[PDB]
Structure formats: C-alpha cells, structure tokens
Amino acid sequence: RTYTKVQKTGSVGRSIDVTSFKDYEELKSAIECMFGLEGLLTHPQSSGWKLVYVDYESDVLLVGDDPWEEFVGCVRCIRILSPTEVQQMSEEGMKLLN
C-alpha cells in the first residue's frame, strides 16, 4: 500500500498519494473539496474541525505541525474530525481513565 487513506465518519473514504501534493495548503484544500468541507480544515481560529493523522507509532497527531518531508514519511492514514468527534475523543479518554 503506497496510498494513504482519508476518512470522515458517515462518508465513503478515499486514498491519496500524499507526496503528490507538495505542501499542507494543497493537501488540506484537496481534502476539503473531496468531502465538501470548504474552509473548515483551513481556518483554526473559526472552525472546530480537525484534520488529523495516525503515524508509524500509532499516534493521532494534527496535520500541519511537522516539516512536510518528515510528515510524508510518518503518515499512515488521515482522518477528518468534526467538533462533535473531538469531544467524543475527550470523553473516551475519560472512559479509559475510569
């Protein structure tokens, strides 16, 4: 498997060549157009939506933080989290702790 999975709960998932996009602006925009989320993954100051990824160590990390070259190497799969899923994640951490 050369292609990376892009998933959104309730949508049919997709597979992309992350490396073919050469930056996060290009990546994020393409993903927003694919799932009909125009402006939501490219505005952290207004939107509660997160574009996350699972890496080689199975860690859920936010897309954007790392140098692109590192990212392209670590990335195992991508997921779009809605403001609701982010709170569902928080509550599941509380379930884990209790």
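When you see a residue number, it is the position in the sequence shown, counting from 1.
Relative to its counterpart among 23-31 and 42-50, 42-50 has the higher mean temperature factor, C-alpha atoms as listed in the PDB entry. Per the PDB record, residue ranking by Cα B-factor puts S90 in the highest third of the chain.
Split the chain's modelled residues into thirds by C-alpha temperature factor. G36 is in the lowest one. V75: CA B factor in the middle third of modelled residues in this chain (values from the PDB entry).
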